[PDB]
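Undergrad: I am attaching a structure below and will ask some questions about it afterwards.
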Amino acid sequence: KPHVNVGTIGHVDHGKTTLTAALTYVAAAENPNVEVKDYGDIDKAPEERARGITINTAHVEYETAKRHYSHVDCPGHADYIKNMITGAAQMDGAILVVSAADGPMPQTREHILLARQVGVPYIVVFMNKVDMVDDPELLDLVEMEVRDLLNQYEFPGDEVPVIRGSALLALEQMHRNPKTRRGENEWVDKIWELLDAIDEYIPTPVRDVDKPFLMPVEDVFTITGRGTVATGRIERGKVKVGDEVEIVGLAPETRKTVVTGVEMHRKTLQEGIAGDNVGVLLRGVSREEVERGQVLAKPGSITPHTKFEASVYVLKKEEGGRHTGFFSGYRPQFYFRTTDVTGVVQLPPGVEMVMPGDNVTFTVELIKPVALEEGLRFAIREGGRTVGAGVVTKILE
Ligand SMILES: CO[C@@H]1[C@H](O)[C@@H](OC)[C@H](O[C@@H](C)[C@@H](O)/C=C/C=C/C=C/C(=O)[C@@H](C)[C@@H](O)[C@H](C)[C@@H]2C/C=C/C=C/C=C/[C@H](O)C(=O)/C(C)=C/C=C/C(C)=C/[C@@H](O)/C(C)=C/CC(=O)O2)O[C@@H]1C
Ligand SMILES: Nc1nc2c(ncn2[C@@H]2O[C@H](COP(=O)(O)OP(=O)(O)NP(=O)(O)O)[C@@H](O)[C@H]2O)c(=O)[nH]1
Ligand SMILES: [Mg+2]
């Protein structure tokens with residue numbers, strides 16, 4: 001059975017974690033290899049249990065007749081957007097959870113836009129909490145609103161599956177009868193509609209290995225005796241022990257080193273490929289030479305830059321942005337892969353300001369170099385709000 005990565009996204013409290021638990025229980029009735037997980041086993045940290053909130057992304061495994069799934073359950077709270085982005089970057093498809101009782105909310109919109117920015121190719125929708133809605137008209141409206149949102153963000157909104165169900169009632173049924181099978185219960189069958197939907201709508205992924213190697217540095221560790229280890233998810237290409245690599249960005253100059261080891265969890269590998277979360281041991285360099293925000297790459301394949309042009313969508317308040325636009329001189333934070341760097345905006349000649357809801361173009365000068373290339377997507381934040389989502393269109397300096 002091929003392996004596929006999926007996950008749950010959506011506004012705070014709409015039901016992501018409860019749905020994740022339900023998925024493990026429902027799938028386990030048809031497969032003895034699946035380990036069932038209760039709500040408290042997913043939101044397992046003391047703080048998560050205390051306030052009933054997802055803080056850390058959780059990784060759970062389950063399977064269908066067709067595939068083995070690794071599911072990343074993401075937090076919906078704005079305070080943990082970094083963890084949500086980190087989780088979305090691992091997904092081959094995402095399950096957008098939308099409460100039928102509340103309808104789309106700011107992070108319903110923001111999560112779809114950000115999922116697109118990180119490269120999630122497909123979204124399946126689970127309209128949750130329908131057990132709380134007795135009005136069929138409202139359900140139709142919520143579905144229309146969600147399909148409209150998906151269309152607005154360039155996903156095939158009229159094609160995507162929109163499953164109407166109750167994660168809670170399905171989970172309660174599985175607790176009462178862990179062997180409930182297909183066809184026996186309406187709520188459990190809605191979970192099967194979702195499992196069948198991810199099986200048929202999320203394409204079997206093809207790792208992006210036919211490209212020069214690049215891995216954003218997530219974190220850096222010094223293993224006593226072994227050396228400096230840079231962790232990250234390989235974005236493209238492959239890396240083998242003995243390969244020469246460049247550390248690009250942030251520092252005054254690019255630095256070269258050699259890969260002396262590749263590991264994944266407690267496994268020693270001789271090579272890592274696109275899609276792998278790995279620890280890369282680097283020759284000679286210390287933590288003073290490799291840090292979060294830099295990238296490791298095939299030498300000569302990407303260079304550091306500070307000035308670029310970009311196409312940017314300016315977010316509205318209801319999408320996580322602001323009601324007001326901005327002018328030349330604006331100094332927000334720019335996020336490229338694992339980099340966070342301040343930059344200064346310069347609007348094109350004749351453009352006084354750019355407004356929320358518009359797709360505009362402008363120039364940016366960063367305060368430190370970043371590994372940049374045409375086609376690189378990014379986000380702009382200011383004051384804890386996502387003000388723009390963009391893509392680099394031209395390298396100037
Ligand atoms: C044993 O000790 C250590 C450790 O504990 C072990 O860990 C288990 C470790 O084990 C290793 C062997 C191994 O098993 C473990 C390896 C671990 C690897 C971890 C990998 C990851 O997190 C990756 C998914 C991420 O970087 C991921 C791609 C990164 C993660 C990046 C997250 C960024 C968040 C920013 C938030 C902003 O405020 C924001 O509000 C906003 C809206 C920004 C949007 C930004 C966008 C849109 C950027 C895009 O330009 C883009 C394409 C982003 C996607 C991106 O780059 O994601 O060994 C060590 C030695
Ligand atoms: N009535 C009803 N309540 C539900 C349903 N699904 C989840 N809930 C409830 O709504 C609350 C939030 O659920 P939870 O799964 O934690 O939501 P979340 O989207 O994971 N939250 P966060 O964004 O913090 O991660 C809980 O009290 C939970 O029992 C459902 O189908 N029906
Ligand atoms: Mg949750």
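A note on labels: chains of the structure tokens are A, B, ... as shown, every chain counts residues from 1, and ligands are counted from 1 in their shown order.
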What residues in segment 196-254 of chain A get the DSSP label helix (DSSP H, G or I)? Please answer as a ChimeraX atom specification.
TA: /A:196-201
Undergrad: Once you have the residues from the selection above, write them out as a JSON list (two decimals), in the first residue's frame, restricted to C-alpha atoms.
TA:
[["chain", "number", "residue", "atom", "x", "y", "z"],
["A", 196, "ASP", "CA", -12.91, 7.03, 0.47],
["A", 197, "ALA", "CA", -12.62, 10.66, -0.66],
["A", 198, "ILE", "CA", -8.98, 11.02, 0.35],
["A", 199, "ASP", "CA", -8.28, 7.69, -1.37],
["A", 200, "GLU", "CA", -9.79, 8.90, -4.65],
["A", 201, "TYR", "CA", -9.23, 12.67, -4.71]]
Undergrad: Return as a Markdown table the residues of segment 36-124 of chain A lying at most 9 Å from segment 160-166 of chain A, together with the closest atom-to-atom pair for each and the distance in Å to one decimal, counting only C-alpha atoms, with rows in chain order and ascending residue number.
TA:
| residue | atom | partner | partner_atom | distance |
| --- | --- | --- | --- | --- |
| A:100 | CA | A:164 | CA | 8.3 |
| A:122 | CA | A:160 | CA | 8.4 |
| A:123 | CA | A:160 | CA | 7.0 |
| A:124 | CA | A:161 | CA | 5.5 |
Undergrad: Could you please take those selected residues and save N, CA, C and O atoms as an mmCIF file, in the first residue's frame?
TA:
data_model
loop_
_atom_site.group_PDB
_atom_site.id
_atom_site.type_symbol
_atom_site.label_atom_id
_atom_site.label_comp_id
_atom_site.auth_asym_id
_atom_site.auth_seq_id
_atom_site.Cartn_x
_atom_site.Cartn_y
_atom_site.Cartn_z
ATOM 1 N N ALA A 100 -20.433 23.392 10.631
ATOM 2 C CA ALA A 100 -21.690 23.722 9.966
ATOM 3 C C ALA A 100 -22.467 24.741 10.786
ATOM 4 O O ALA A 100 -23.241 25.519 10.238
ATOM 5 N N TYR A 122 -4.222 19.456 -3.154
ATOM 6 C CA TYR A 122 -5.632 19.120 -3.103
ATOM 7 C C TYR A 122 -6.231 19.256 -1.716
ATOM 8 O O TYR A 122 -5.578 18.966 -0.715
ATOM 9 N N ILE A 123 -7.486 19.690 -1.682
ATOM 10 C CA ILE A 123 -8.232 19.846 -0.445
ATOM 11 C C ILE A 123 -9.557 19.097 -0.530
ATOM 12 O O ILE A 123 -10.241 19.150 -1.550
ATOM 13 N N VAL A 124 -9.890 18.374 0.540
ATOM 14 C CA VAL A 124 -11.154 17.653 0.673
ATOM 15 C C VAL A 124 -11.805 18.350 1.866
ATOM 16 O O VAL A 124 -11.113 18.721 2.817
#
Undergrad: Residues within 9 Å of residue 358 of chain A, please, as a JSON list (two decimals) with C-alpha atoms, in the first residue's frame. Count only C-alpha atoms; anything in the same chain fewer than 5 positions from it doesn't count.
TA:
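Okay, this is what ended up in around22.json:
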[["chain", "number", "residue", "atom", "x", "y", "z"],
["A", 312, "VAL", "CA", 1.35, 39.63, -4.07],
["A", 313, "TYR", "CA", -2.22, 39.08, -2.97],
["A", 314, "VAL", "CA", -3.10, 41.56, -0.21],
["A", 315, "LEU", "CA", -5.29, 39.85, 2.41]]
Undergrad: Please build the interface table for segment 280-330 of chain A against segment 336-346 of chain A with a cut-off of 10 Å, listing for each qualifying residue the nearest atom pair and the distance in Å to one decimal; count only C-alpha atoms, order rows by chain and increasing number, and write it as a Markdown table.
TA:
| residue | atom | partner | partner_atom | distance |
| --- | --- | --- | --- | --- |
| A:291 | CA | A:339 | CA | 9.7 |
| A:292 | CA | A:338 | CA | 6.3 |
| A:293 | CA | A:339 | CA | 3.7 |
| A:294 | CA | A:339 | CA | 6.8 |
| A:295 | CA | A:338 | CA | 8.4 |
| A:306 | CA | A:343 | CA | 8.6 |
| A:307 | CA | A:343 | CA | 9.1 |
| A:309 | CA | A:346 | CA | 9.3 |
| A:326 | CA | A:345 | CA | 9.0 |
| A:327 | CA | A:345 | CA | 7.4 |
| A:328 | CA | A:346 | CA | 4.5 |
| A:329 | CA | A:345 | CA | 5.4 |
| A:330 | CA | A:345 | CA | 5.3 |
Undergrad: Taking the chain letters and numbering used in this document, name the residues of segment 2-94 of chain A that DSSP puts in strand (DSSP E or B), as number ranges by chain.
TA: A: 3-9, 58-63, 68-73, 94
Undergrad: Residues within 7 Å of ligand 2, counting only C-alpha atoms and all ligand atoms: report them as a ChimeraX atom specification.
TA: /A:10-19,52-54,74-77,128-132,165-169
Undergrad: Could you give me the residues within 6 Å of ligand 1, counting only C-alpha atoms and all ligand atoms, as a VMD selection string?
TA: chain A and resid 81 to 82 85 to 86 89 to 90 114 117 to 118 218 221 229 231 to 233 263 to 265 277 to 279 335 to 338 377 to 379 386
Undergrad: Any idea what's packed within 8 Å of residue 244 of chain A, counting only C-alpha atoms, ignoring anything in its chain fewer than 6 positions away? Could you give it as an MDAnalysis selection string?
TA: chainID A and resid 256:259 298:299
Undergrad: Can you pull out the residues contacting residue 72 of chain A? Cut-off 7 Å, using only C-alpha atoms, and skip same-chain residues under 6 positions away; I want them as an MDAnalysis selection string.
TA: chainID A and resid 6:8 57:60 87
Undergrad: Between atom CA of residue 142 of chain A and atom CA of residue 103 of chain A, what distance in Å does the model show, to one decimal?
TA: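 One can read the atom CA of residue 142 of chain A to atom CA of residue 103 of chain A distance as 5.5 Å.
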Undergrad: Find the spatial neighbours of residue 69 of chain A, counting only C-alpha atoms, within a cut-off of 7 Å - ignore same-chain residues fewer than 2 positions away - and output them as a list in words.
TA: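 That gives residues 3, 4, 5, 6, 61, 62, 63, 67 and 71 of chain A.
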Undergrad: Can you tell me how far atom CA of residue 126 of chain A sits from atom CA of residue 48 of chain A, in Å to one decimal?
TA: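 Between these atoms lies a distance of 23.0 Å.
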Undergrad: Ranking A:385, A:243, A:173, A:115 by minimum distance to residue 79 of chain A and counting only C-alpha atoms, which one comes first?
TA: A:385
Undergrad: A:234, A:39, A:254, A:9: which is nearest residue 98 of chain A, counting only C-alpha atoms?
TA: A:9
